[PDB]
2 protein chains.
Amino acid sequence: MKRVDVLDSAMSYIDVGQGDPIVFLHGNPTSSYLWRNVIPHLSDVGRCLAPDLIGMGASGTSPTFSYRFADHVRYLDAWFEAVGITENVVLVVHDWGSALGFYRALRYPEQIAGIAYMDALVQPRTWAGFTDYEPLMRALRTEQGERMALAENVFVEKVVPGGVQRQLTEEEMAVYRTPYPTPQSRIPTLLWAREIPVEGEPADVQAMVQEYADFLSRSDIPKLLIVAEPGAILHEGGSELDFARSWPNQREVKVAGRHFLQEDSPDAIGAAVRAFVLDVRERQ
Amino acid sequence: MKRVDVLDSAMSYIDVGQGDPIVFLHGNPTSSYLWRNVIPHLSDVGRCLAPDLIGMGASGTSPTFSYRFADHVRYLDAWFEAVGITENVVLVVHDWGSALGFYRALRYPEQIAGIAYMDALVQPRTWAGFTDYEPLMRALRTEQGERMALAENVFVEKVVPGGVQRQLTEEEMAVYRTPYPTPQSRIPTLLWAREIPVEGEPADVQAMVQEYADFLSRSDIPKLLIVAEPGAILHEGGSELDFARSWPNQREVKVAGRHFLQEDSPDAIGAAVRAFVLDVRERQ
């Protein structure tokens with residue numbers, strides 16, 4: 001991995017290949033590791049970059065423990081600028097990664113050549129859309145959350161295995177556990193749970209997400225929507241997937257998987273993203 | 001103790017006596033407990049209020065783990081407004097409590113009848129000014145701080161006993177460690193170490209503290225400076241105590257103690273504050 005100072009911390013990142021950039025943004029509680037089997041379908045047709053968000057993966061931590069969505073936006077902005085990823089960017093995004101990439105395309109659309117997204121935060125959430133996850137996420141946003149996320153590491157020990165159809169090896173789980181050895185190291189996972197805009201709160205993230213939803217639903221940026229079956233956030237019959245399916249200049253591809261679909265169908269995801277990237281580069 | 005909702009958390013506070021308000025503000029890593037033997041010298045001549053800052057004492061925690069100085073400013077502002085402590089207020093402040101009270105004085109001087117302060121943050125600091133705390137406070141502002149503050153709870157187990165001349169009882173230490181049973185509960189103590197403006201950094205805190213320093217050094221608000229012998233932040237020979245003695249309309253008293261002087265001379269402190277308060281109310 002490479003590494004670069006960002007603000008008061010340091011961000012590690014995968015950087016393999018040549019050409020126009022293809023940026024892979026992970027979510028909670030994962031890292032660039034999640035993309036390991038998808039990137040090889042792309043590293044001969046583009047410069048693949050996959051950063052670990054601050055406090056996650058192999059990256060540095062926030063010395064002020066500033067782990068809100070706004071903080072991650074600032075850290076990732078600093079990373080884009082430091083590395084020079086400002087022209088003809090294909091974003092490949094998932095979970096909070098989508099929120100970060102969507103927001104970036106909102107503010108710098110001239111820099112974005114295309115967006116491929118999966119189980120994404122496409123608009124502010126409602127509790128109905130959480131379906132199977134509603135009791136857990138609700139509890140994480142009450143005072144129980146400190147125990148569940150920090151003392152019990154629930155995202156790594158339960159959400160990750162729950163969100164994969166196949167059985168993870170012990171080495172895979174060891175990799176996912178590596179950034180989070182102590183309760184005081186797991187604050188980013190709790191914050192990501194508490195930052196989700198659900199029916200108005202938190203109001204600042206709700207505003208940012210509403211803004212990029214309003215923009216992307218009218219933006220002619222080329223898009224690939226990868227839908228997992230049965231999926232999680234974006235699922236058949238759900239209001240959020242319906243909204244995503246309204247977006248313009250968009251193609252859709254279906255693959256097998258739950259929330260962490262990369263662990264179940266990486267080759268199909270990589271093949272779809274590769275067709276997309278070639279198509280997008282054709283019209284530059 | 002009383003308790004009131006403030007922003008997204010809840011603040012516990014002592015509220016005893018009646019009449020014009022006298023507000024006692026503690027710093028790192030203490031709580032209103034620090035004033036327990038000072039308030040009885042005042043509660044027959046004023047409404048004494050002593051809030052525990054968010055994440056400390058008996059108060060609720062910050063669900064987003066937002067523990068910077070500006071966050072505490074917002075939470076304490078919400079307390080001031082909810083309890084309506086906005087007229088004829090005498091501030092009795094110490095350590096980071098002083099920064100908060102000073103900053104309140106800066107923005108709403110019409111609400112402030114007088115300020116009694118001890119071992120306070122009167123202006124941005126220099127590393128020399130730290131004297132024998134310099135090794136600790138340098139280390140905490142490096143990557144070792146997480147181990148020292150979160151894993152070892154250095155501020156409660158070491159800094160508090162080291163800042164009192166007498167030996168603290170078992171019950172006293174049991175109280176002081178009550179908010180901090182786990183590493184993930186100790187984030188406020190580390191944030192407080194990292195937020196001190198030292199030689200320009202952090203720059204936002206430095207701007208705030210410089211602003212209230214410029215203001216208070218020229219303000220005619222009545223002041224009582226309680227100087228501890230030998231003290232810690234405000235010591236003989238130091239530039240910070242010299243600047244503090246620059247401040248107008250001020251009376252100075254001396255008592256025995258180190259940083260946590262309330263634990264060694266609470267009756268002297270209480271008598272000085274009571275005298276100051278009665279004078280302030282007589283002139284108002």
# chains A, B, ... in the order shown; residues from 1 in each chain; ligands from 1
>>> select_by_dssp(residues="stretch 31-229 of chain B", states="strand (DSSP E or B)", output="ChimeraX atom specification")
/B:47-51,89-95,112-120,125,198,201,223-229
>>> closest_atom_pairs(of="chain B", to="chain A", cutoff="10 Å", atoms="only C-alpha atoms", output="JSON lines")
{"residue": "B:60", "atom": "CA", "partner": "A:143", "partner_atom": "CA", "distance": 9.8}
{"residue": "B:61", "atom": "CA", "partner": "A:143", "partner_atom": "CA", "distance": 9.3}
{"residue": "B:63", "atom": "CA", "partner": "A:194", "partner_atom": "CA", "distance": 7.9}
{"residue": "B:64", "atom": "CA", "partner": "A:191", "partner_atom": "CA", "distance": 6.0}
{"residue": "B:65", "atom": "CA", "partner": "A:65", "partner_atom": "CA", "distance": 7.2}
{"residue": "B:66", "atom": "CA", "partner": "A:66", "partner_atom": "CA", "distance": 6.8}
{"residue": "B:67", "atom": "CA", "partner": "A:64", "partner_atom": "CA", "distance": 7.9}
{"residue": "B:68", "atom": "CA", "partner": "A:64", "partner_atom": "CA", "distance": 7.2}
{"residue": "B:141", "atom": "CA", "partner": "A:63", "partner_atom": "CA", "distance": 8.4}
{"residue": "B:142", "atom": "CA", "partner": "A:63", "partner_atom": "CA", "distance": 8.6}
{"residue": "B:143", "atom": "CA", "partner": "A:63", "partner_atom": "CA", "distance": 8.0}
{"residue": "B:145", "atom": "CA", "partner": "A:63", "partner_atom": "CA", "distance": 9.2}
{"residue": "B:146", "atom": "CA", "partner": "A:184", "partner_atom": "CA", "distance": 8.7}
{"residue": "B:150", "atom": "CA", "partner": "A:184", "partner_atom": "CA", "distance": 7.5}
{"residue": "B:151", "atom": "CA", "partner": "A:184", "partner_atom": "CA", "distance": 8.6}
{"residue": "B:182", "atom": "CA", "partner": "A:183", "partner_atom": "CA", "distance": 8.5}
{"residue": "B:183", "atom": "CA", "partner": "A:184", "partner_atom": "CA", "distance": 5.9}
{"residue": "B:184", "atom": "CA", "partner": "A:184", "partner_atom": "CA", "distance": 4.5}
{"residue": "B:185", "atom": "CA", "partner": "A:184", "partner_atom": "CA", "distance": 8.3}
{"residue": "B:186", "atom": "CA", "partner": "A:184", "partner_atom": "CA", "distance": 8.9}
{"residue": "B:187", "atom": "CA", "partner": "A:65", "partner_atom": "CA", "distance": 8.1}
{"residue": "B:188", "atom": "CA", "partner": "A:64", "partner_atom": "CA", "distance": 9.8}
{"residue": "B:190", "atom": "CA", "partner": "A:64", "partner_atom": "CA", "distance": 8.5}
{"residue": "B:191", "atom": "CA", "partner": "A:64", "partner_atom": "CA", "distance": 6.1}
{"residue": "B:192", "atom": "CA", "partner": "A:64", "partner_atom": "CA", "distance": 9.6}
{"residue": "B:194", "atom": "CA", "partner": "A:64", "partner_atom": "CA", "distance": 7.4}
{"residue": "B:195", "atom": "CA", "partner": "A:64", "partner_atom": "CA", "distance": 8.4}
>>> closest_residue(among="B:37, B:189, B:165, B:250", to="residue B:152", atoms="only C-alpha atoms")
B:189
>>> atom_distance(atom1="atom CA of residue B:206", atom2="atom CA of residue B:86")
25.8 Å
>>> residues_around(residues="residue A:107", least_positions_apart="5", cutoff="12 Å", atoms="only C-alpha atoms", output="MDAnalysis selection string")
chainID A and resid 73 77 86 100:102 112 208 211:212 215:216
>>> write_last_selection(atoms="N, CA, C and O atoms", output="PDB file, in the first residue's frame")
ATOM      1  N   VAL A  73     -15.509  13.357   4.983  1.00  0.00           N
ATOM      2  CA  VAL A  73     -15.501  14.122   3.738  1.00  0.00           C
ATOM      3  C   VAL A  73     -14.222  14.953   3.653  1.00  0.00           C
ATOM      4  O   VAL A  73     -13.552  14.993   2.614  1.00  0.00           O
ATOM      5  N   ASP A  77     -11.363  14.372   0.885  1.00  0.00           N
ATOM      6  CA  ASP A  77     -11.070  15.485  -0.017  1.00  0.00           C
ATOM      7  C   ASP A  77      -9.570  15.743  -0.051  1.00  0.00           C
ATOM      8  O   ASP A  77      -8.971  15.912  -1.124  1.00  0.00           O
ATOM      9  N   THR A  86      -8.318  14.203  -9.846  1.00  0.00           N
ATOM     10  CA  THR A  86      -9.273  15.274 -10.097  1.00  0.00           C
ATOM     11  C   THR A  86      -9.779  15.320 -11.540  1.00  0.00           C
ATOM     12  O   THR A  86     -10.494  16.262 -11.899  1.00  0.00           O
ATOM     13  N   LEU A 100     -19.800   9.102   0.343  1.00  0.00           N
ATOM     14  CA  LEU A 100     -18.642   9.964   0.168  1.00  0.00           C
ATOM     15  C   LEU A 100     -18.437  10.271  -1.302  1.00  0.00           C
ATOM     16  O   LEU A 100     -18.090  11.399  -1.668  1.00  0.00           O
ATOM     17  N   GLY A 101     -18.649   9.279  -2.163  1.00  0.00           N
ATOM     18  CA  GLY A 101     -18.427   9.515  -3.576  1.00  0.00           C
ATOM     19  C   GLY A 101     -19.539  10.343  -4.182  1.00  0.00           C
ATOM     20  O   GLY A 101     -19.287  11.270  -4.962  1.00  0.00           O
ATOM     21  N   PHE A 102     -20.786  10.021  -3.830  1.00  0.00           N
ATOM     22  CA  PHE A 102     -21.915  10.841  -4.261  1.00  0.00           C
ATOM     23  C   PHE A 102     -21.678  12.306  -3.909  1.00  0.00           C
ATOM     24  O   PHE A 102     -21.733  13.191  -4.773  1.00  0.00           O
ATOM     25  N   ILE A 112     -15.789  13.933 -12.621  1.00  0.00           N
ATOM     26  CA  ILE A 112     -16.313  12.574 -12.579  1.00  0.00           C
ATOM     27  C   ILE A 112     -16.715  12.157 -13.991  1.00  0.00           C
ATOM     28  O   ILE A 112     -17.542  12.815 -14.629  1.00  0.00           O
ATOM     29  N   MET A 208     -26.900  16.992   3.532  1.00  0.00           N
ATOM     30  CA  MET A 208     -25.898  16.693   2.507  1.00  0.00           C
ATOM     31  C   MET A 208     -26.389  15.592   1.560  1.00  0.00           C
ATOM     32  O   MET A 208     -26.289  15.713   0.329  1.00  0.00           O
ATOM     33  N   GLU A 211     -29.078  16.641  -0.732  1.00  0.00           N
ATOM     34  CA  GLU A 211     -28.545  17.456  -1.812  1.00  0.00           C
ATOM     35  C   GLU A 211     -27.996  16.582  -2.931  1.00  0.00           C
ATOM     36  O   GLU A 211     -28.291  16.803  -4.122  1.00  0.00           O
ATOM     37  N   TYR A 212     -27.187  15.577  -2.577  1.00  0.00           N
ATOM     38  CA  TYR A 212     -26.646  14.776  -3.676  1.00  0.00           C
ATOM     39  C   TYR A 212     -27.718  13.873  -4.286  1.00  0.00           C
ATOM     40  O   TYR A 212     -27.648  13.581  -5.476  1.00  0.00           O
ATOM     41  N   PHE A 215     -29.332  15.998  -6.813  1.00  0.00           N
ATOM     42  CA  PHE A 215     -28.456  16.241  -7.955  1.00  0.00           C
ATOM     43  C   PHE A 215     -28.348  15.013  -8.860  1.00  0.00           C
ATOM     44  O   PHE A 215     -28.552  15.101 -10.076  1.00  0.00           O
ATOM     45  N   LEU A 216     -28.040  13.855  -8.275  1.00  0.00           N
ATOM     46  CA  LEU A 216     -27.855  12.640  -9.059  1.00  0.00           C
ATOM     47  C   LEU A 216     -29.139  12.201  -9.749  1.00  0.00           C
ATOM     48  O   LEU A 216     -29.074  11.627 -10.848  1.00  0.00           O
TER      49      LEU A 216
END
>>> closest_residue(among="A:124, A:57, A:163, A:200", to="residue A:256", atoms="only C-alpha atoms")
A:163
>>> atom_distance(atom1="atom CA of residue B:263", atom2="atom CA of residue B:125")
24.5 Å
>>> select_by_dssp(residues="stretch 145-247 of chain A", states="helix (DSSP H, G or I)", output="ChimeraX atom specification")
/A:145-151,154-162,170-177,183-185,187-195,203-216,239-245
>>> atom_distance(atom1="atom CA of residue B:226", atom2="atom CA of residue B:92")
10.2 Å
>>> residues_around(residues="residue B:280", least_positions_apart="4", cutoff="7 Å", atoms="only C-alpha atoms", output="PyMOL selection string")
chain B and resi 113-114+276+284
